[PDB]
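Here the structure is laid out as structure tokens; the discussion comes afterwards.
Throughout, a chain's letter reflects where its sequence line sits, starting with A, and its residues are numbered from 1. Atoms considered below: every heavy atom in the structure, side chains included; atoms not considered: hydrogens, waters and symmetry mates.
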Amino acid sequence: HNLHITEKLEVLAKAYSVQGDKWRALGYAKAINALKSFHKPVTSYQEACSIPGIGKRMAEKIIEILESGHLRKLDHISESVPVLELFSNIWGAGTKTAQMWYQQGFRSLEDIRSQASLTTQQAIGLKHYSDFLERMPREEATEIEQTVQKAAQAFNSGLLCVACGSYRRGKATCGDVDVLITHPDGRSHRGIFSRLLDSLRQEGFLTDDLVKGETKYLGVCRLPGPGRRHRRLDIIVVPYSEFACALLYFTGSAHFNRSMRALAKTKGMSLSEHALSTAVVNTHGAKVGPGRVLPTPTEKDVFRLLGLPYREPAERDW
DNA sequence: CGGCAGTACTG
DNA sequence: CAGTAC
DNA sequence: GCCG
Ligand SMILES: Nc1ccn([C@H]2C[C@H](O)[C@@H](COP(=O)(O)OP(=O)(O)OP(=O)(O)O)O2)c(=O)n1
Ligand SMILES: [Ca+2]
Ligand code: NA
Ligand code: NA
């Protein structure tokens, strides 16, 4: 493996990310992930400059670690970065909020609890700071999925409930659970949140609400009994016609999703959680021209329409 | 030069 | 709207 | 940061 250039680069990428330089961190993340899974430990520059996701600047960076075992840029990391990471790991606080709290003199979560002004969402995030940093065993995700299914199938036994994300990709542990709900009849999915969430609330299962939209719920749940932790839970209701694209999107991974949107763009197509469709119309779309929705009854058709072989969820774990 | 996704909340 | 998240 |  490459673990003597990546380890240095990953410290720079984190500092860029927590300081809000989202695009530079992207390029670092890609270039790093390239190094991770390369067959060979890289030897020198051409080898580098001739790599996908490694350009002149990164190439220069790559030889320093090769030539010197050190990269000078690592000596100019702001002392703020660890605190910014601490603050942005609060659900609901991002880089802008973290930088403002830092500028205001806050340095610890005790400072935040006692003096910061917090949104409803950030207060819930703070209250579950440790829990939301933990992963749950996939068997607990199954229990959470079944709790949603049981509550849903009580109002309409036709409803289909599927846990996506890292659960559907087969991982041993899961950061949170994303439950997708549809109905093959095409309509009965509409307006089920009021009853479903009221039902899950009457349990004591749902403990906090983060986002209560018309098709999307983001909140916090806890199963009964001792030794249970609070978990992040999303519930997304989609029409049956979008089910394939929604399953793909919410199964991820997020890096797999990014690669698929890029591949779709090469074919003049758009890929979202709602549809695979023909482009609107320079770059980043056009002003007029809605585009056509391509028929995607199953996940397999999205791959096919992109000219790609079907990948089971476990093989999307990029 | 400029995209690297578009949309959904929240306030 | 800006910020955050998916 | 990467890329076209
Ligand atoms: N920035 C993001 C965030 C999410 N997603 C999609 C793909 C993810 O798989 C899915 C669910 O979001 P999560 O953050 O829960 O993704 P995972 O379940 O894969 O995260 P984890 O590895 O912790 O399990 O939404 C995306 O495309 N882009
Ligand atoms: Ca998840
Ligand atoms: Na956060
Ligand atoms: Na999630």
Side-chain angles (χ1 to χ4, degrees), chain A residues 5-6 9 11-13 15-21 23-29 31-32 34-35 48-49 52-53 55 59 87-101 117-125 132 164-166 175-180 193 209-211 213 215-219 232-238 242 245-266 269 271-277 279 285-286 290-291:
Chain A
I5 316 195
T6 72
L9 299 166
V11 182
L12 282 64
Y16 280 126
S17 179
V18 309
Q19 294 182 105
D21 197 344
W23 300 126
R24 181 143 21 223
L26 180 57
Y28 269 73
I32 284 164
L35 291 172
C49 267
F87 293 165
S88 59
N89 276 334
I90 299 173
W91 199 100
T95 178
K96 298 293 199 197
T97 300
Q99 294 186 118
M100 196 209 72
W101 285 339
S117 206
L118 295 167
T119 66
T120 301
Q121 291 173 340
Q122 289 155 0
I124 291 159
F132 290 175
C164 300
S166 54
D176 58 20
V177 189
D178 318 276
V179 183
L180 187 59
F193 267 122
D209 295 353
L210 292 167
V211 170
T215 37
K216 185 153 52 183
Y217 170 84
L218 309 184
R232 278 279 292 99
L233 166 66
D234 299 355
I235 301 172
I236 318 95
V237 187
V238 305
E242 316 185 345
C245 287
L247 276 164
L248 195 64
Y249 180 78
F250 289 109
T251 292
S253 78
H255 270 87
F256 174 80
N257 282 351
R258 176 173 311 112
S259 304
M260 290 290 274
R261 288 191 299 274
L263 169 64
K265 188 190 214 186
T266 71
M269 292 202 266
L271 183 53
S272 81
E273 70 193 75
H274 307 284
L276 177 68
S277 68

For [N], does OP1 or OP2 lie under 4.0 Å from any side-chain N or O of [X]?
X	N	answer
A:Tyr28	D:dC2	no
A:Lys265	B:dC4	yes
A:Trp91	B:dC9	no
A:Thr97	C:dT4	yes
A:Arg232	C:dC6	yes
A:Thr119	B:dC9	no

Counting side-chain heavy atoms from CB outward, which of [options] is closest to [X]?
X	options	value
A:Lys216	B:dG11, C:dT4, B:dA8	B:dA8
A:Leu218	B:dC9, D:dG1, C:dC6	C:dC6
A:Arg261	B:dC9, B:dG11, B:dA5	B:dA5
A:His274	C:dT4, B:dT7, B:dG6	B:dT7

Report the distance from atom [atom1] of [X] to atom [atom2] of [N], rounded to the nearest whole Å.
X	N	atom1	atom2	value
A:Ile235	B:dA8	CD1	P	19 Å
A:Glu273	C:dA5	CD	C1'	12 Å
A:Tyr16	D:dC2	OH	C1'	13 Å
A:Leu26	D:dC3	CG	P	12 Å
A:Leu118	B:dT10	CG	P	17 Å
A:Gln99	C:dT4	CD	P	9 Å
A:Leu210	B:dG11	CG	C1'	15 Å
A:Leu271	B:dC4	CG	P	13 Å

Is a side-chain donor or acceptor of [X] paired with a backbone partner of [Y] at a separation under 3.5 angstrom?
X	Y	answer
A:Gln122	A:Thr119	yes
A:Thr95	A:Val18	yes
A:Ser17	A:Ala13	no

Give [X] one of three labels, base, sugar-phosphate or nothing, depending on what nucleic acid heavy atoms sit under 4.0 Å from its own.
X	value
A:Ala254	nothing
A:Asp234	sugar-phosphate
A:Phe250	sugar-phosphate

Practice prompt. Using the six-membered ring for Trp and the full ring for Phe, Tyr or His, decide whether A:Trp23 stacks on the six-membered base ring of B:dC4 (centres under 5.5 Å, planes under 30°).
Written response: yes
Item to complete: State which residues pass side chain to side chain donor-acceptor pair (under 3.5 Å) with A:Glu242; sequence neighbours excluded, sorted by chain then number.
Response: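 In terms of side chain to side chain donor-acceptor pair (under 3.5 Å), with neighbours along the sequence ignored, A:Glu242 is linked to A:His274.
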Worksheet entry | Counterpart residues, side chain to side chain donor-acceptor pair (under 3.5 Å), relative to A:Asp234 (two or more places apart) | A:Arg232
Worksheet item: Got a donor-acceptor pair under 3.5 Å from the side chain of A:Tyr217 to the base of B:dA8?
Response: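 No, the side chain and the base share no sub-3.5 Å donor-acceptor pair.
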Practice prompt. Using the torsion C1'-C2'-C3'-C4', state whether the ribose or deoxyribose of B:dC1 falls on the north (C3'-endo) or south (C2'-endo) side.
Written response: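 Pucker of B:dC1: south.
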Worksheet item: Given that both distances must come in under 3.5 Å, which nucleotide forms a Watson-Crick or G-U wobble pair with B:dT10?
Response: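 B:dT10 is paired with C:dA2.
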Worksheet item: Given A:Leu233, which of A:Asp178, A:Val179, A:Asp176 fulfils the side chain to side chain contact (heavy atoms under 4.5 Å, CB included) condition?
Response: A:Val179
Worksheet item: On a whole-Å scale, what distance lies between the P atoms belonging to B:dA5 and D:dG4?
Response: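 Rounded to whole Å, the distance is 16 Å.
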